[PDB]
Amino acid sequence: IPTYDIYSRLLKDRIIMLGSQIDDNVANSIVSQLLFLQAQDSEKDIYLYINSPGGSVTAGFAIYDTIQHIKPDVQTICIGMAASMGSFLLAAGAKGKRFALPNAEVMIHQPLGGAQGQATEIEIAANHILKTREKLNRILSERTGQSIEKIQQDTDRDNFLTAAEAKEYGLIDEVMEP
Amino acid sequence: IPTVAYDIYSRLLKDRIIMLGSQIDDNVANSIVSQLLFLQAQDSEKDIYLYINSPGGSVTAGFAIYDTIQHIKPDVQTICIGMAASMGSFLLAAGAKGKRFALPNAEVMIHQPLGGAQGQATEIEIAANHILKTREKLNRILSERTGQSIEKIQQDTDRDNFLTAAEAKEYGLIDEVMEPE
Amino acid sequence: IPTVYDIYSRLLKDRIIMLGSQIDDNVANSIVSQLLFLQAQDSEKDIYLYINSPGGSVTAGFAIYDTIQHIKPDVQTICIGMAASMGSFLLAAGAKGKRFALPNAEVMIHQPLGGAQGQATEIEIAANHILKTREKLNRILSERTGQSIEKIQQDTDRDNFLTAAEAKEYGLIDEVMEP
Amino acid sequence: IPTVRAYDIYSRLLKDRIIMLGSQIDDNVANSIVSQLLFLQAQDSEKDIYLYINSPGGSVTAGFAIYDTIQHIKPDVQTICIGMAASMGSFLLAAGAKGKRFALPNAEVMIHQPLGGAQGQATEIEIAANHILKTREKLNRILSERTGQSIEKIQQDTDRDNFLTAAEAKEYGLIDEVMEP
Amino acid sequence: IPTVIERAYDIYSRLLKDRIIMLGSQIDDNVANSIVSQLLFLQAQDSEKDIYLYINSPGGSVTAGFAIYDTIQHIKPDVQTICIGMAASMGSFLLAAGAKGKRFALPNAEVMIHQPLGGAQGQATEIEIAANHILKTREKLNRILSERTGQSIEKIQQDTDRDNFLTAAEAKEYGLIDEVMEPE
Amino acid sequence: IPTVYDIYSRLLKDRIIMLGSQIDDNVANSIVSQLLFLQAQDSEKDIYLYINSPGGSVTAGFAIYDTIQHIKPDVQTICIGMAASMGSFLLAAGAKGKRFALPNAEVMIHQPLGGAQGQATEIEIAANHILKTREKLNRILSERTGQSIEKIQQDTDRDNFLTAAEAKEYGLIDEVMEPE
Amino acid sequence: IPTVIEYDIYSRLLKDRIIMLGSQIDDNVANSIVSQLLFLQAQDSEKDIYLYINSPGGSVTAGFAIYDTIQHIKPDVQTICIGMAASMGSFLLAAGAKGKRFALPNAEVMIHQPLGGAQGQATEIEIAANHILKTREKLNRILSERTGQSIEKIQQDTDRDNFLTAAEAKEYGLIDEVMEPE
Amino acid sequence: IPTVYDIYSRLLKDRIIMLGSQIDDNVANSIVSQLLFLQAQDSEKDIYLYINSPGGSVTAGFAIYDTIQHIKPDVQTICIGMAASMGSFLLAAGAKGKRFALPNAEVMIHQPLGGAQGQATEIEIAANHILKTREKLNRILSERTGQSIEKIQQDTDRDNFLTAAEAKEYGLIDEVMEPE
Amino acid sequence: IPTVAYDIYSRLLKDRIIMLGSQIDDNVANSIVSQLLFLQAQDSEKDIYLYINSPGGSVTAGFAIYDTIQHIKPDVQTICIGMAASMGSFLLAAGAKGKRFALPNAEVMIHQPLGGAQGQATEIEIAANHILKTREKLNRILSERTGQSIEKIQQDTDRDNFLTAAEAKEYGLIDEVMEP
Amino acid sequence: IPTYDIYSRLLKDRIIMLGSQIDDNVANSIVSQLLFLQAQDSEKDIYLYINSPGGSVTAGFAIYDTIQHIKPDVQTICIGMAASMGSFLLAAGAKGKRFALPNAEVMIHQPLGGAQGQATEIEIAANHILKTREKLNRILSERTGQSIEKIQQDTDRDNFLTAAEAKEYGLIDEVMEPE
Amino acid sequence: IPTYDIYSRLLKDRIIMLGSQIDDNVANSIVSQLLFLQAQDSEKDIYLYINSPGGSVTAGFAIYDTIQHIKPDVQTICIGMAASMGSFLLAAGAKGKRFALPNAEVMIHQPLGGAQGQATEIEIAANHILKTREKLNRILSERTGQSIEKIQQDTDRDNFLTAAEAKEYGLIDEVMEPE
């Protein structure tokens, strides 16, 4: 809120604040800031702070694919909480530049959804969310180094990790020390 | 509502007539099952008459009625008046062979089961496998009671399929269209 | 409500059935049960069906209609106040020569009402169903009034209100019950 | 509520050929009143029937169900207004046997034109507006026959809410006598 | 609620056998319908013995109250009125409607009198019609109240302009009741 | 709920009345009717009124109070669990010497509650009325407990919770009913 | 609803020692079932009781009120699953007298982990978690004893919603026989 | 939210339009206005339409579709995250050869949704209208993807989820945009 | 939403383009009429371009736009994108003859006006007469703007009548289907 | 909405847009614009466009009295609809300078209100709304040339007028034809 | 509200106002202001006023770690109330630079939460909040000098402390007396 606003002040330094649930509106803003920062400079790093409980998988992949597509490296810094799609985006930062503060929290679990209607419709919705989890686990495996079956068992239920445990798992590269 | 002391439905139950005239839930199934068991204890040989005017409802509650019909000794005649849809048409086809009826302007509708699921991907998969297996159980039995192939029933229940009384007889869901006496 | 049995059970003893509400499945179950009970009591004596109804479910009304046509006793229909939509259909369903309306009773006919939501294919199925239901209703109305099917179709396109006298002219009833 | 076999107070009055109309007029109320009228005629077509009226009015068609039944049955129906007879209630008050329409000294009688609603296309609103206009003319026509007032005066006096004392109601022709203690 | 052995009664039906009617709620058309029926029933059973109407009511519909009022005045038996707890608005009106000399209140019963309440919505003519009706309704109420209490019409008007709470003793002084029923 | 009649009608046959709810017009209408019926049955034998009430309408409670004072039979009052507000007032209304409370029963006294809305004169009328109602309640409470009016006034200024033993010393009851 | 000459339909069946459990299990339902069991034992402490079960489950403590009453009374209680016996309902199905536990051919049996909630301070959440974990262990231990399956197999088979046919329920040990048309 | 202009107006300055919400009349009004404006500034330079949409109004989508087909500049479509229903229709509406999706974007096609209530005649009119709308949608989709109408009809009978690679084989896009 | 400082609509208004992309109520009519009066004050000669994507709305609000279009000196071109239904199709037909357009997949729907009435019989009669005159006024003008007879307009508007852009030109509601 | 906003741009040309219900907030804004336009120039006319279903009578009189008080002539132009208090303000323009577009609608009726509480309070409220109606009819008579009795009978119910009928009635002076 | 706004003007003097519950939006703003002030000058002190009832633990740890990470000293000044995570952030200021006004209140207690679903899910949520409490108590022990067992005992229930008691406890360093 304070006055640019404080977030526009940080965007001038190539800092993007992801501090809410991930929906289409939030992803639209994040993607727009990433494309804008690349147009200003395709070389300088981008810093993405993440304090998010997660949200839409497709909105998160809109942010994910934009991070992977642009030329600048995107650093991810977890403050407070990165859960579900938020922890997925935390692990999506440039390798070697994924961070979490010492008391930040990281949670991974399988995606949530719903289905209602005829049996055939329920089957279509189930197949889709199973394919979405399979896509999420495959990418999570390549960016953390863990096996796919390891990701599958560790995300079957809510799995809370400290910043240090997230580094052990491969979700981040360094615990950003004071 | 009216009194005969009996209410009109208890008076008809004295004549071994059971009225199914609502959605099928656990409470309705309990009453129907209880009435079927009671009538068998009264006389295990005389026929039972099950009138059906139902838009359907719970599949498991409908199977409680189905299995009780198949288990008891008396033949259960089914008579469709107005509407037999979904589980209601399934119970209509469940009557004693040769004793399944529909009135000339009664309507019969068949379709695939309805349900819902929410939560983790694993939970949605479990619910989807269950409702898919429930549909296979319904189609297998429907195949046994109508003579149609399982693949034909699968195709005919993909969407809401409305049949007249005569079409229901052609399909094998009922045996006779009761003509005015 | 009053006790004599309640007033309706007392009239049922005289083979009188009161239809005085919207027609839904519960009402149809009671009417059908009372009709079947009266035939089992005596398959010869007439039954008297009073009708004061704004209509309701078409399938529930056909449960009553088909039961009237099936049982052996003649079913007289007497319209008091209002017989609209499925209510006027049941009024015309009484035994020919024994369908009545009181002088100030109102009879209304119109096409069926319904709804559809979802995919285009589902809307098509629902549209075909209600169109087939209307054709079935108009065909029966044609046989019981003597009017042509196209005449029934045109006269039910919108709400069509009839006096008791106009209902006799149309063929929906046979006689206006005079005092 | 009170109990007087076991009857409620209204069933006890019904044995004396007294019917209590003490609520708004809907299809359910009209069902009860009409059934009581038919019942009292079957028991005895000669003795008078006494209809007490305390009603704010209600459905016009439900009120005509009571009206036509009153006119059709053989016994005379006396109408006695207690408290209030408004709208369709005052119509039924005037429907009693001529010479046997009463109101208690502090009872109130209110007459006005019928109320309704319309929604949709212009043709649908025209149809609904036409229907309620025919209904008012039917009500005023009969009210003209039952009171001796002209149709034009009834139209003018019912354009809005018209409250009448018992004495004014007798002067107008809605009742025949003010029942004094 | 309770049942009394005899057939089977509820407590109010048992009291009705002794010609006792309990008015213990708001006055609406249903309550008035019940009271009137009990009064007519008791007169048919015996046209000479007194009827006892206990009143604990906050008031209610004025026209429903007059349905009870006119039936009291019309039947032959005397109707004694006994206020317990509260007789407010139409309730105090019906309390004053009992047979002269047979209107009572218990020592700590409360009596409240005020002008009638109502509402009006719509066009100016419609509000004028409703205003005239409730103004004439008050004059009718005040006219009868003057006749049954002995107070002048102008005094009734002034004493009912606002909520006027009276003790049982003050209600006897006012003329709303005849006697304060003391512990026998 | 259970049938023997229901359990309350069966106790009414033994002249026992159960007050186990908040006091409104319906409850008072029932209690008063039961009292009059029991007096008609026998004007000599005692009546037993069990009281487990959080209080309620003051006018409804006075309908019960005045009926108790008016009838010929003595009305014994027995507090089980809780007698608060108008309920403790009815507890103190029992026959002198025949007012009881069980050892762990609770008695609470406080000043009456109400509301007022509208013009200043209308608020003045409602305030005078509730002030006159409290003075009436405190006056009677003084006569039935022996405490002074000034003492009742301050002891009801706020919620005042009393044990069964304190209620007997205060004069609200005569005896703490010990296990027999 | 219907009335019978000689009752409502359920009271008439109760004279033949038949109890109908056809709703969710809460304290009111368990209160009624327990009362009917005690009444039938007082009528005759020897003859069998027939408990029909069509229930999606409900309160665990309410179900244990029914369970312990079954185990406590002298008569054998036969259980018949019609339609569906899920959660606490499938537990009570397995609670019938050994050899007298049945399911109709198309009846469904579902087993899963108990459900609950907790709100407040960390200690309050810890107390609630420990309690629901002991409750699950109590259910699984008893389920193991009445089916013959090992406890670890019960634990894995109840981790998620597990639907069984009548035939699979007999194979599992939850019932003894699939009741075929006589 | 952030200010640079706001982030979206700055991208519009580079001829970039953001469709990242449900499609209604207001969103279509905005997209159409931006398209006409970018053509007025320069009728030659390409326009880039990013699509992250669950779909929405069919008529609102056709307002966007017809404007794309009408203006002189080529409109490139880039699907990020999700293009479902009318959103996937607009994705296929880009200039041939310039329709893209990111590797993990999802594309969903299905038949249009609607409702109808009232008289049988009114339900018939609404059913015929939505059936005609589907036929119009399938014909255009056939022209833009190369699939037959019968194939479009069968593949949209229910929700049909496609990966970015599957969408390119289907003809909805031309290339899967790989990282630069 | 986007900024050009102008919003996207003010920038288009600078080029004499007015965007109608919502239901027609008094608020929208105020904006459109104000933009029409403003553009005439700017230049009474140059054409005005009114884009229409509207499901209809208030008839009197639409006549505020209609009469202002007919009154001002500049020609007002109407371009239907997506949907022109009810009062929206009325305003589409209200453009300068020869300059009324629709995009190829835009939809046009005509029907009779909708309304409601509640209260006394006389009040319902007043509302019925009023909406009947409004329909005749609409049909009279519609006949003049399309060349169809009023009896044909009456029968073609009895129910929802959906027209493609090409059918709308055949009917006389537009002059040209704007091709790419 | 469009960019000043479009109404402020018209306000510089002494054009005021009344296109909503008349409440205190709207009347406050209109009054402020009228006072502002007089301060800038007390001689040139002011143009008040009216598209309103009516609203508060006191809010409408705040606009009415300000129009009558300021020195510049206030022209009134009805577009779409001027109902109830809106048609009252339409008739309040400078004589000779009150207009309506050809298809604009004008509706007149009696004022609406409510009353609740004691009989005395209802009497006060009825007397007040009756005085408000006569005040409205008296002014309407002065501005239209119609008699007070004619206004009373013509406003007893909703009375809808075309633009031509409104000029005939005296509510406006000219039907503004397409120049 | 007053006009920069008053908070941006104070931010220009390196003053940050925390005067609400701590949720993600608040934490995001505080963290951004902290990073902004460090970029402005990594040496000059920062002043964090705290009047907060607490809130999200993860949101509070976002503020906590950012305070600990940046180079400038962050002074904390409690005005009114610092409860729950608010008292945690108060104790998080630079040693020697934690203050409370004389009538300010400090409250400490154990974390609050909820859990719903299967027993395993409830076990996971219980284990997580128990780890969160131990993490909070460990750091609180590190910043106050009290033992872990004492912190656990003193946070079992709501524990209200005066400003003087808070300094006694080690949560703050000085009670700021009026200058």
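Method of determination, as given in the entry header: X-ray crystallography; reported resolution: 2.39 Å.

> Looking at this structure, I do not really get the pattern of salt bridges. What am I missing?
Side chains carrying opposite charge are able to pair once their charged atoms draw close together. Applying the stated criterion to the full structure yields 97 salt bridges over all chains. Here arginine 101 of chain D and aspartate 176 of chain D are joined by a salt bridge, their closest N and O atoms 2.7 Å apart. Taken together, the positions of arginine 101 of chain D in strand β4 (residues 101-103) and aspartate 176 of chain D in the loop between α7 (166-172) and β8 (177-178) put the pair 75 residues apart, joining distant regions of the chain. Of the charged contacts, one joins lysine 151 of chain H and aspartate 155 of chain H as a salt bridge, the two residues approaching to 2.9 Å between their closest N and O atoms. Highlighted residues: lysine 151 of chain H and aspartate 155 of chain H, both in helix α6 (residues 149-155), separated by four residues, approximately one helical turn. The class for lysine 151 of chain H is partly exposed, based on a relative accessible area of 34%. The structure contains a network of salt bridges with shared partners spanning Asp45, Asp73 and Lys97 of chain A.

> Help me understand the interface of chain G and chain B, please; the structure alone is not making it clear to me.
The interface is formed by 30 residues belonging to chain G together with 32 residues belonging to chain B. Across the chain G to chain B interface the summed buried area is about 2700 Å²; carbon plus sulfur atoms make up 57%. Broken down residue by residue, the surface that chain G buries against chain B is led by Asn106, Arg160 and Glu182 of chain G, which jointly contribute 24%. With its nearest N and O atoms 3.8 Å apart, the salt bridge here joins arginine 160 of chain G to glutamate 123 of chain B. Counting every contact that joins chain G to chain B gives nine residue pairs in polar contact.

> Help me out: how do you make sense of the packing of aromatic side chains in this one?
Two measures describe an aromatic ring pair: the distance that separates the ring centres and the angle between the ring planes. Inspection of every chain in the model, using the stated rule, returns 33 aromatic pairs over all chains. Relative to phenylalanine 91 of chain D, the ring of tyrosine 67 of chain D lies with its centre 5.3 Å away and its plane at 50 degrees, an arrangement referred to as tilted. With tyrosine 67 of chain D in helix α3 (residues 60-72) and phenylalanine 91 of chain D in helix α4 (residues 88-93), the pair connects residues that are 24 residues apart, well separated along the chain. There is no split in this pair, since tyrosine 67 of chain D and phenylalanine 91 of chain D are both buried. Ring centres 5.3 Å apart and planes at 70 degrees place the aromatic pair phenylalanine 62 of chain H and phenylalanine 89 of chain H in the edge-to-face group. Of this pair, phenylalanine 62 of chain H sits in helix α3 (residues 58-70) while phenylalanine 89 of chain H sits in helix α4 (residues 86-91), and the two are 27 residues apart along the sequence.

> Even after reading the chapter, I still don't get the packing of helix α2 (residues 24-40) of chain J against helix α3 (residues 57-69) of chain J, so can you show me in this structure?
What describes two packed helices is the angle between their axes and the distance between those same axes. All names here are of chain J. Contact geometry of α2 with α3 gives a least axis separation of 8 Å together with a crossing angle of 10 degrees. With respect to α3, the axis of α2 lies roughly parallel. Of the residues in α3, those touching α2 at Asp24, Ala27, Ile30, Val31, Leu34 and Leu35 are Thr58, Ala59, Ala62, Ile63, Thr66 and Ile67. Looking at the contact of α2 with α3, its residues break down into nine nonpolar, two polar and one charged.

> When you look at the environment of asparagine 28 of chain J in this model, what are you seeing that I'm missing?
Looking at the element boundaries, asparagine 28 of chain J is found in helix α2. Remark: the alpha-carbon pair of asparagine 28 of chain J and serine 52 of chain J, spanning 24 residues in sequence, is separated by 16 Å.

> Any chance you could explain the environment of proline 53 of chain K here in plain terms?
Residues and elements named next belong to chain K. Mapped onto the secondary structure, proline 53 falls in the loop between β2 (46-52) and α3 (57-69). Look at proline 53 and you get exposed, because its relative accessible area is 53%. For the pair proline 53 and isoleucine 70, spaced 17 residues apart in sequence, the C-alpha separation works out to 25 Å. Once residues lying within four places of it in the same chain are set aside, the contact partners of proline 53 are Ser20, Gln21, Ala83 and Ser84.

> What is the right way to look at the arrangement of the chains in this model?
Separated in space, chain A and chain E share no contact, their closest pair of C-alpha atoms being 47 Å apart. Where chain H comes nearest to chain J, the C-alpha atoms are still 13 Å apart, and the two do not contact one another.

> Looking at this model, I keep getting lost on helix α5 (residues 122-147) of chain G. Mind explaining?
In an α-helix, one turn spans 3.6 residues; hence positions three or four apart end up facing the same way. Between the first and last C-alpha of α5 of chain G there are 37 Å, a value that for 26 residues agrees with the 38 Å anticipated at 1.5 Å per step. Directly beyond the C-terminal end of α5 of chain G, a positive phi value near 85 degrees is found at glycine 148 of chain G.

> Can you help me understand the nonpolar core in this one?
Residues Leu173 of chain B, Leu35, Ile64 and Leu172 of chain C together with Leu174 of chain G are the most contacted members of the largest nonpolar core, which totals 157 residues. When near neighbours in sequence (up to four residues on either side) are disregarded, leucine 173 of chain B contacts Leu92, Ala93, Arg100, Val108, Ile110, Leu142, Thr146, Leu163 and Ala168 of chain B. The next biggest cluster of nonpolar side chains, apart from the first, holds 156 residues, and it includes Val27 and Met86 of chain H together with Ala100 and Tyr169 of chain J.

> So what exactly am I meant to see when it comes to the UniProt feature "active site" (unreviewed entry) in chain F here?
Residue and element names in this part refer to chain F. The positions UniProt marks with the feature "active site" (unreviewed entry) are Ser85 and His110. Their sequence span is 26 residues, while the largest C-alpha to C-alpha distance among them is just 6.0 Å; these annotated residues converge on one region. Inspection of the secondary structure puts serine 85 in the loop between β3 (75-84) and α4 (86-91). Leave out the neighbours within four places in its chain, and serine 85 touches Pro54, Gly55, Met108 and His110. Along the chain, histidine 110 turns up in the loop between β5 (106-109) and α5 (120-145). In contact with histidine 110, not counting residues within four places along its chain, are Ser85, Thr156, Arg158 and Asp159. A polar side-chain atom of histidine 110 sits 2.5 Å from a polar atom in the side chain of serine 85.

> Just to check I follow, could you spell out unusual backbone geometry for this structure?
The phi angle of most residues is negative, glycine excepted, and most peptide bonds adopt the trans form. Backbone geometry places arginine 15 of chain F, a non-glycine residue, at a positive phi of 65 degrees. With respect to the secondary-structure elements, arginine 15 of chain F resides in the loop between α1 (7-13) and β1 (16-19). Phi angles above zero are rare outside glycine, and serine 87 of chain G is one such case at about 60 degrees. The residue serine 87 of chain G is located in the loop between β3 (77-86) and α4 (88-94) in this model.

> Could you clarify how one ought to interpret the packing of helix α3 (residues 58-70) of chain F against α5 of chain F in this entry?
All names here are of chain F. Two numbers describe how α3 lies on α5: the axes approach to 13 Å, and their chain directions differ by 35 degrees. As for how α3 packs across α5, the hand of that crossing is left-handed. Packed against α3, whose contacting residues are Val58, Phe62, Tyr65 and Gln69, the element α5 presents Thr133, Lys136, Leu137, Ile140 and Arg144 at the interface. Taken together, the residues of the contact of α3 with α5 break down into five nonpolar, two polar and two charged.

> Honestly, the side chain of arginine 14 of chain A in this entry has me stumped. Any pointers?
Residue and element names in this part refer to chain A. Mapped onto the fold, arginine 14 is located in the loop between α1 (6-12) and β1 (15-18). Within the local environment of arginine 14, its side chain forms a polar contact with the backbone oxygen of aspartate 41, the two atoms lying 2.9 Å apart. Among residues more than four places away in sequence, those in contact with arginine 14 are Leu37, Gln38, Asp41, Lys44, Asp45, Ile46, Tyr47 and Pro72.

> I would appreciate a short explanation of the side chain of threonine 60 of chain I in the present structure.
Along the chain, the position of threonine 60 of chain I falls in helix α3 (residues 59-71). Residue classification places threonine 60 of chain I among the buried residues on the basis of a relative accessible area of 17%. Residues within four places of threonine 60 of chain I in sequence aside, it is in contact with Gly80, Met81 and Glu105 of chain J.

> Explain the UniProt feature "active site" (unreviewed entry) in chain I here, please?
All names here are of chain I. The residues that UniProt annotates with the feature "active site" (unreviewed entry) are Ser86 and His111. Tracing the backbone shows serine 86 in the loop between β3 (76-85) and α4 (87-92). Accessibility expressed as a relative area gives 18% for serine 86, which makes it buried. Each residue touching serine 86, except ones within four places of it in the same chain, is listed here: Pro55, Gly56, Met109 and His111. With respect to the helices, strands and loops of the structure, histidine 111 is situated in the loop between β5 (107-110) and β6 (114-120). When near neighbours in sequence (up to four residues on either side) are disregarded, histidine 111 contacts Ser86, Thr157, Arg159 and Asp160. Within polar-contact distance, the side chain of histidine 111 engages the side chain of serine 86 at 2.6 Å.

Rules of the game
Residues numbered from 1 in each chain as written, not as in the entry; some residues may be left out. Chains lettered and ligands numbered in written order. Part of a larger assembly, values for the part shown. Heavy atoms only, no water. Residues with missing side-chain atoms left out of burial classes, pairs and counts. Salt bridge = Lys/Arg side-chain N within 4 Å of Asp/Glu carboxyl O. Helix = DSSP H or I, 4+ residues; strand = E, 2+ residues; numbered from the N terminus. Buried < 20%, exposed > 50% of the residue type's maximum accessible area, 1.4 Å probe, protein only. Contact = heavy atoms within 4.5 Å. Buried area = accessible area lost by both parts, 1.4 Å probe. Polar contact = N/O pair within 3.5 Å; in protein donor to acceptor, adjacent residues only side chain to side chain. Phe/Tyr/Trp six-rings, centres within 6.5 Å; stacked < 30°, edge-to-face > 60°. Axes fitted to C-alpha atoms, helices over the stretch in contact; angles between N-to-C directions. Parallel < 35°, antiparallel > 145°, perpendicular 65-115°, else oblique. Nonpolar A, V, L, I, M, F, W, Y, C, P; charged D, E, K, R; others polar. Expected span 1.5 Å × (residues − 1). Core = buried A, V, L, I, M, F, W, Y, C linked by side-chain atoms within 4.5 Å. UniProt positions renumbered as here; feature names shortened; annotations may be inferred. Left-handed = near helix turned anticlockwise from the far one by under 90°.

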